[PDB]
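Read the structure below first, then the notes.
Numbers and lists here come from the model and the stated rules, or from a named source; these are not laboratory values. Neighbour counts run over all protein chains shown; Cβ positions are idealised from the backbone, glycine included.
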Amino acid sequence: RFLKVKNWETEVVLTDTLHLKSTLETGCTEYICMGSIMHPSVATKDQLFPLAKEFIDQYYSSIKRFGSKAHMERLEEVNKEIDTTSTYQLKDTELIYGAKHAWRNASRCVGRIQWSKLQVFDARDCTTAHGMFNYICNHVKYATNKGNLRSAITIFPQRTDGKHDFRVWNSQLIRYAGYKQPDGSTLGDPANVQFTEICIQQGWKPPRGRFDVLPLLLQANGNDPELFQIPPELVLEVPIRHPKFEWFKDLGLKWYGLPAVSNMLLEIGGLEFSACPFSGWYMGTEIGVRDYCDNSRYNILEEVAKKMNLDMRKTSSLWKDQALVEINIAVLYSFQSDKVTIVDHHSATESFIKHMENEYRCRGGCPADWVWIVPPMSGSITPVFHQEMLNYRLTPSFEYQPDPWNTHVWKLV
Amino acid sequence: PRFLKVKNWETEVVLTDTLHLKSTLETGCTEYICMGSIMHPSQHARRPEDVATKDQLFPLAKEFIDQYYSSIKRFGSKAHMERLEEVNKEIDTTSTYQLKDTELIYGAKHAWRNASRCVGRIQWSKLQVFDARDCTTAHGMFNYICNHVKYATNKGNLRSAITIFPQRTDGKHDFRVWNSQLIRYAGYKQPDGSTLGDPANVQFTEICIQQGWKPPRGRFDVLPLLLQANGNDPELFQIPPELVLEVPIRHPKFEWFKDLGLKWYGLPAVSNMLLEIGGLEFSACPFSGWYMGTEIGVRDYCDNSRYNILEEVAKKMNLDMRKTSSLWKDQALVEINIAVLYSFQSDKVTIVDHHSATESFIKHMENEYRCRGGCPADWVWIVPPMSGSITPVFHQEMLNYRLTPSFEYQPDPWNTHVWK
Ligand code: HEM
Ligand code: HEM
Ligand SMILES: Cc1cc(N)nc(COc2cc(CCN3CC(F)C3)cc(F)c2F)c1
Ligand SMILES: Cc1cc(N)nc(COc2cc(CCN3CC(F)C3)cc(F)c2F)c1
Ligand SMILES: C[C@H](O)[C@H](O)[C@H]1CNc2nc(N)[nH]c(=O)c2N1
Ligand SMILES: C[C@H](O)[C@H](O)[C@H]1CNc2nc(N)[nH]c(=O)c2N1
Ligand SMILES: [Zn+2]
């Protein structure tokens, strides 16, 4: 079997054979497509054996050592551990390879051209939330690099019985608090109201501002999570101004420079790493379109359009569209002026096409989720809009997991 | 399965879909692979290419007649059982059957209703159906098409319509509109290597010249009609210009915009698709409605392999075009789409912006879940090509599945016609 994907702008046709190696479902069936469902729907010894074998096999094939003496002893060694302990431990090389390939396999990520330049921090010796704090602080400092951002991931101990999970309760390492007011309005980031409330309950004293960096809520070994304040000098921020509109700086907008997802689960050869925060750098539209202009978020379209004296009476003036462009210009300009790494959505999607073509040549394909790859503004003037894409699930992979406050059973009376 | 829920991540509305249980054809996807961004993912058709056997055609007929008599609160009624037996005898004696006027109207409206890629479907039941099954020649097809265009244009107050020519018989006597749309502009391949007019239409334009059309060789030359009746060679016809409503594109603030010399036509009229009803195949079924501004202003004007006018507009706007991060393309794209909408509304020509269209579609989805138990929708196609996430459909999960009656793609007739 082969499948072909066409670019309807360039007429280039790629041939995907890599899809023959996927295993978990997409969510779709032969008669219903579920490609726009956001979330479609511990292992025993016998479940773990073939998962481990498949991973080890692919690692040894990647380093051109399949069938070798070291390959066969590694399989036997892993087999022993799963018999002795009902689990096993990745070598350092395998962990690095696994985390890089989970990124390579993330069908929804447009920044994958960089997948092989991932800095992997092995934190599997950590035992306490204080230790997690220290690992995360070093990650942030390394990743931030005074604005010259570097991709990195820090991997905490894997799941054992599910009663001793390591978890970062934060959804990202740097996020701003949201506070609901009695009059029903929201201060700060409305997305983070729930987690802000949890922090306050755990003892956090909130400044109650618009851009309060949340504390880290860190869980080690299945214990109750603990609060820590990231040291403010490690949190790089960019005040947003516009190159033409002097009034833009008067909105008091800023954003943090380091995007760092901390609520995913990294799955490598059947092992589950429930705490694995990873970071890269921003594409402008993530802040400028979604963070600022989603109705559920900072929702600054009307304010900006107001200051542009736009006709907000009817939609066909396209005042929302016009104001959205200006905000995204401001975001890119602000980050670039402060020499904080950022990528615009045109540069990013163009790289992804180069990346995708390269992956089809060397790997036989590239799983990609069009619904997520196409940017949330200006879709069809970017090359990915015209690019057919096949979506399928390869492992190692990043996976969603339940929010920890929905599952944690609290220890302390 | 049992009931698939779709959630809206803005409003938290959850809708429960059971209508997918009636899906008939494959989507292309499997458990292991999703083809939702493939333009033509599936060749699963309900019948062989041409003249089918009794056991091939009759089940599809019975399915459709059953559905239509169920829709009108009969089923098992006298007329329903008589209709089954009459379609049985007709297939026995002609290898096909003929739809009643009511059945034809029901099927056309439901093909539109089932079109998972159409954001305009809130209007589906308000569709004027012109029965043209008595047509025999390309001249008669021309007459039918002129009447359609005149009725549908309605001096700018556009009305949705479909004109249905004779169904396919053996596959050798097809009726076809060779144009992909009733009204499109020519595309001319220049001797240097560039393109004048619309690049999408260069091949069809060449066929028309290769058929005797004298090209005026402008940028907005309305193409002739190339009509094929009963499998004969196609014939050229010039649509009377007074039937072709056009809008000159100007801008409400940029006075220099009108000097770009752009115009567009008012009537979008798809004429290369096939309409499938109860196993019958209507290969010439031109249908029309009215434009969403982005179809002209984003895709027609700004696609790289189309009119590609972004840089020229951005020039007159005095934008930094050195690097992409200045977002000069995004900025011109907004102004162009303001101009298109402002121009149509100024000339009282029906048009809908992408904010109103997508909001209407959300309402249509809710109506359909409430009365039908679902609504097939292709997210890749429903989300507008600009400003995606500030429209409500961006945040709406959708299930995509194939219901019948439906509109289907078909091969371009010059790839398959044996000339006389
Ligand atoms: C280096 C710069 C990077 C850029 C510019 C980038 C860009 C993006 C964007 C725009 C998205 C869509 C996010 C959204 O719309 O909410 C995304 C998703 C994602 N990124 Fe990347 N990313 C980068 C680095 C990374 C790294 C280092 C990792 C992990 C090692 C990663 C893993 C993912 C995953 C797993 C998703 C989608 C999660 C899901 O399934 O929902 N990315 N990325
Ligand atoms: C009345 C106002 C209408 C509006 C605003 C509208 C809008 C649209 C738009 C924007 C698309 C996407 C097209 C593209 O991006 O190229 C579309 C697709 C489509 N429309 Fe509608 N439409 C309307 C009427 C109709 C009617 C009357 C029919 C048929 C009776 C129809 C059938 C279809 C079909 C079949 C497709 C997708 C073809 C495919 O499956 O690839 N539409 N429409
Ligand atoms: C490393 C990196 C760089 C960069 N530029 N952007 C990202 C964003 O990645 C992700 C983005 C989301 C979407 C977040 N919202 C959807 C959920 F409702 C909250 C989920 C996820 F699991 C991700 F991984 C990551
Ligand atoms: C009646 C009506 C009103 C309105 N506003 N828009 C439409 C768009 O219809 C269609 C549009 C297209 C796309 C055309 N080509 C561009 C792509 F590469 C193929 C295919 C198709 F099959 C359609 F049906 C129709
Ligand atoms: C590859 C991709 O499916 C293709 O470019 C699609 C994307 N979405 C679209 N959406 C609409 N409405 N019309 C289109 O032609 C397309 N083209
Ligand atoms: C309903 C729909 O699946 C949802 O809004 C998706 C659409 N595409 C997206 N694309 C990206 N990059 N990020 C998102 O959060 C979403 N949300
Ligand atoms: Zn699918």
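Here's a check for you: in the stretch A:21-39, which residue that is surrounded by fewer than 16 Cβ atoms within 10 Å (Cβ to Cβ) and closer than 16 Å to residue A:394 by Cα is farthest from ligand 5 (Cβ to nearest atom)? Of everything passing the filter in the stretch A:21-39, A:23 is farthest from ligand 5 (Cβ to nearest atom).
Test residue B:416 against the criterion of being within 11 Å of chain A (Cβ to nearest Cβ), within 27 Å of residue B:108 (Cα to Cα) and β-branched (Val, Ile, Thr), and give yes or no. No: the conditions fail for residue B:416.
Scanning the stretch A:1-20 for residues that are crowded, with 17+ Cβ neighbours inside 10 Å and either more than 8 Å from chain B (Cβ to nearest Cβ) or touching a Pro at 6+ places or on another chain (Cβ under 6 Å) (or both) turns up A:7, A:14, A:16, A:18. The residue list A:305, A:330, A:368, A:323 contains one member that is in contact with a helix residue (DSSP H, G or I) (Cβ under 7 Å, 6 or more places away or on another chain) and in a loop (DSSP other than H, G, I, E, B), which is A:368.
Within the option set B:121, B:113, B:117, being more than 16 Å from ligand 6 (Cβ to nearest atom), within 14 Å of chain A (Cβ to nearest Cβ) and within 17 Å of residue B:366 (Cα to Cα) holds for one residue only, B:117. Just to be sure before I move on: is residue B:327 outside the structural domain of residue B:239 (by CATH), at positive phi and more than 16 Å from ligand 6 (Cβ to nearest atom) in the structure I sent? Judged against the criteria, residue B:327 is a match. Candidates in the stretch A:86-114 are the residues that are of a type in the set (A, V, I, L, M) and not in a helix (DSSP H, G or I); of these, the one that is farthest from ligand 2 (Cβ to nearest atom) is A:90. The set of residues from the stretch B:68-85 being of a type outside the set (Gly, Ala, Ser), at negative phi and assigned to a loop (DSSP other than H, G, I, E, B) comprises B:72, B:74. Selection within the stretch B:40-67: residues that are surrounded by fewer than 17 Cβ atoms within 10 Å (Cβ to Cβ), in a loop (DSSP other than H, G, I, E, B) and more than 16 Å from ligand 2 (Cβ to nearest atom). The member of this set that is nearest to the other protein chains (Cβ to nearest Cβ) is B:47. Please go through (1) more than 30 Å from residue B:54 (Cβ to Cβ); (2) assigned to a loop (DSSP other than H, G, I, E, B) for residue B:258 and return the number of the only condition it doesn't satisfy. Failed condition: (2). The set of residues in the stretch A:334-393 that are aromatic (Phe, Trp, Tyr) and more than 16 Å from ligand 7 (Cβ to nearest atom) comprises A:335, A:352, A:360, A:385. I'm checking my understanding of the structure. Among residues of the stretch A:352-363 that are within 14 Å of chain B (Cβ to nearest Cβ) and not aromatic (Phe, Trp, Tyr), which one is surrounded by the most Cβ atoms within 10 Å (Cβ to Cβ)? Looking at the filtered set, the residue picked out is A:356.
Of all residues being more than 7 Å from chain B (Cβ to nearest Cβ) and touching a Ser or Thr at 6+ places or on another chain (Cβ under 7 Å) in the stretch A:375-394, which is farthest from residue B:301 (Cα to Cα)? Just the residue, please. Here the residue is A:394.
For the stretch A:333-351, the candidate set comprises residues that are within 9 Å of chain B (Cβ to nearest Cβ) and outside any helix (DSSP H, G or I); within that set, the residue that is surrounded by the fewest Cβ atoms within 10 Å (Cβ to Cβ) is A:343. Just to be sure before I move on: is residue B:83 out of contact with any strand residue (DSSP E or B) (no Cβ under 7 Å at 6 or more places or on another chain), within 14 Å of chain A (Cβ to nearest Cβ) and more than 16 Å from ligand 1 (Cβ to nearest atom) in the structure I sent? Considered against the rule, which asks whether it is out of contact with any strand residue (DSSP E or B) (no Cβ under 7 Å at 6 or more places or on another chain), within 14 Å of chain A (Cβ to nearest Cβ) and more than 16 Å from ligand 1 (Cβ to nearest atom), residue B:83 comes out as no. Of the residues A:294, A:224, A:321, the single one that is in contact with a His (Cβ under 9 Å, 6 or more places away or on another chain), more than 16 Å from ligand 2 (Cβ to nearest atom) and over 20 Å from residue B:392 (Cα atoms) is A:224.
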